[PDB]
């Protein structure tokens, strides 16, 4: 196992456990599989208000601390501010609510989940009389200032963003009176959308790029086009898996580790959870890495097409 030093001095494990499951999956499963992830050796756990599972992920962490399996300081726990809470006065209460649900005193990392602000309220997806999601206009620099106060108050050890493009990152980085840079930008990133340009920008600013959907997403019909290619069926990934006597998933994860990306992996399957930790057991050659670099096709599993008219839609730019 390994960590990366963040630009605020804290350390983030380079392999993280993804916890999202669709609402049809019983919440008891998130409890069970987070315990299995910790037993397998995951120390970085990625949750969010949106996932409706912080209560269970927190219970799993509590249970493994009481086991003597880990200490709280050994676990890197991420939560995320949902887009209906971007107005600055709502940020600290949202974080406090997440902490209360997880029964934790602090999160290791708090992220702005998305730059696309939504109408404030308890509903996650507020909609108007014609069924359209109601956007909000919020200066994300004021949201960031509220995030900074959460770090000063000790409720988040580190703060970062998610789904930001380069221009959106620069707006934070160029903010007058900035106190804390975002430590990371959690974005969709895999061999079919490898974010090389955004990665280079983040590296130049000492911002860690954290990859989600690194195994090609859960392909839920509600949010992912069923005709998109399946990442783990890719011939190059499968040929490399055979060459290294690994699996295409492990190739996809190891690819990110070797280009300096922190990688998340969701699994609710005991054997695949344990398999994913084997990413540390082998290395891709330089030739292998160039072959995978060749797979990019700017394919967004989470394209959020119905939000393409949002002013902060991140894919309005080249990157």
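Numbering follows the first chain given and starts at 1. Basically, rigid core = biggest C-alpha set you can superpose within 1.5 Å across the two forms.
When the core is superposed, where do the C-alphas shift more in 8 other deposited structures of this protein: in 220 to 228 or in 107 to 115? Farther on average in 8 other deposited structures of this protein: 220 to 228.
Do the Cα atoms of 295 to 303 stray more than those of 15 to 23 in 8 other deposited structures of this protein, or is it the other way round, with the core held fixed? If we average over structures and residues in 8 other deposited structures of this protein, the farther stretch is 295 to 303.
Which of the two stretches, 62 to 70 or 31 to 39, shows the higher mean Cα temperature factor in the record? It is 62 to 70 that shows the higher mean C-alpha B-factor.
Comparing 43 to 51 with 277 to 285, the one whose average Cα B-factor in the PDB entry is higher: Between 277 to 285 and 43 to 51, it is 277 to 285.
Looking at 80, 166, 151, 179, which has the highest CA B-factor as recorded? Going by the entry's C-alpha B-factors, 179 comes out highest.
Candidate set 126, 115, 93, 160 [ranked by C-alpha B-factor, highest]: 126 has the highest C-alpha B-factor of those listed.
Would you mind ranking residue 97 by its C-alpha B-factor against the rest of the chain and naming the third, lowest, middle or highest? For residue 97, whose C-alpha B-factor we compare with every modelled residue in the chain, the answer is the middle third.
Residue 25 CA temperature factor, ranked by third within the chain: As the PDB entry reports it, the C-alpha B-factor of residue 25 lands in the highest third of its chain.
Compared with the other modelled residues in the chain, in which third is the CA B-factor of residue 188? Lowest third - that is where residue 188 ends up once the chain's C-alpha B-factors are sorted.
Lowest, middle or highest third: where is residue 13 by Cα B-factor in its chain? For residue 13, the deposited C-alpha B-factor lands in the lowest third.
Relative to the other modelled residues of the same chain, rank the CA B-factor of residue 196 and answer lowest, middle or highest third. Its C-alpha B-factor, which the entry lists for residue 196, ranks in the middle third among residues of this chain.
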